[PDB]
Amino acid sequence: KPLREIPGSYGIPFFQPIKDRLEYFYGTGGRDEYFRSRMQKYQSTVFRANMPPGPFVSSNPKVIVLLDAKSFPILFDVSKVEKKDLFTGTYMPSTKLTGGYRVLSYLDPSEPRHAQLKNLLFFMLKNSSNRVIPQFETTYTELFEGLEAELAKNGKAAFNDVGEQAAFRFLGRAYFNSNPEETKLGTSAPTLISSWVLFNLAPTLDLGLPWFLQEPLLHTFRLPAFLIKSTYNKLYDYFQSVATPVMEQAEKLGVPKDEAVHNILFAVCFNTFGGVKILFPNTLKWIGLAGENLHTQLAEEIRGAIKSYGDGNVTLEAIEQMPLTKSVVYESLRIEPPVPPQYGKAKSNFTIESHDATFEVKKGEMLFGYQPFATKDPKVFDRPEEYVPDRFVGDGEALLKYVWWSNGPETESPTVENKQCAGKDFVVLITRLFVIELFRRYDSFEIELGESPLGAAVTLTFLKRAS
């Protein structure tokens, strides 16, 4: 693997970043093609490139693209890449959209508040790791139920919207033993959250709207924060009066209540919610398309393990007796990473390598990985583009080191020293509980997709039951 100069150009300083941007957003093939075609052009899985949002919202579009499993890892190595204000990318949503504070996600582990706010989050999870399983069944048994009636009523039932309401219902319930739909928020949190997240991510979001609408309105400037302000407080009011326990630990940690509430609100609405809004529909999708031997076996495993080890109910012991169910949730996480882009700014002059070359990285350069590609490396995973349910079963467990949806080997856990998903163990559980509940009710199901910028736009059409 010879030392080579990283291929790719940045072109003229203003025109290029804009032109590429348009390519990234409207070129036939989507952003996936933006990378694949460059991978092909330079016969390299590591190359130079501009990345949105470019122009006025971003002052530095220049990055180095990582597309292979060999190089991609450097991004986890916090000893070499910095993780300051790049949670999104080459731009950071105005702080006005987050209480004036720079929330946890944007902090480098070398920042005291990082370890502080992360522990605060570790408390919120642990301190609620007892309502998770109970409160989950309760919320999705509301959901499937609600979906069952809507099905027989008109033939089909959309999953996405309802699923999000349940998601936020389940989060409040567990994290704070609260049903938000019993407060002023009503069943209208998913909308508040979207409206708010849109303001933040607007510069790098493709809503599938005409380029002559998206470019002027969403991709050249930042949206006036004052507009969202009203909506943001509606969510702020909720968290402030329900996150009491967690709001106290924040003081015990040296963090003010106000700043804490803004970080809690972010973690629950942006991190948690934003992620499940995507992962669940896709997981329900990949399984759905798997056929029936999966369904029949998934329902078989879950129930058997529920009797044998759960005594007639879901428990951590029983889950550990669901090898297929575990692998399934992992595969979903491998085949379609809910949060694709990982960034890292080089702190020193070091070297990295692809499957067939080496490259010099200089202090100050931004490294960018497109995970969906890296986790689909044929040199690592067989029939990569396929969803193999039992891929991580048996000796497959040894590949977990390669599942990076949480910004790090699935075989590792989040710490204050790293930038790995704080709710890592949390999502793996609830995504299993998701699949677990599903088949603990249905012997099988069928579904038809639909396109959307979110991902699946799933609608159910059939639902065999137990008994």
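Sequential numbering from 1, following the sequence displayed.
Stretches compared: 423 to 431, 436 to 444. Higher mean C-alpha B-factor in the entry: 436 to 444.
Relative to one another, 299 to 307 and 262 to 270 have unequal mean CA B-factors, and 299 to 307 is the one with the higher figure.
As recorded in the PDB entry, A243 shows the highest C-alpha B-factor of the residues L227, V81, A243, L218. Set against one another, the Cα B-factors of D108, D237, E331, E353 in the record reach their highest point at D237. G172: CA B factor in the middle third of modelled residues in this chain (values from the PDB entry). In the PDB entry, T204 places in the lowest third of its chain by CA B-factor. For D395, the recorded CA temperature factor ranks within the middle third of the chain's modelled residues. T325: CA B factor lies in the middle third for its chain, per the PDB record. In the PDB entry, a CA B factor belonging to the highest third of its chain's modelled residues is recorded for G312.
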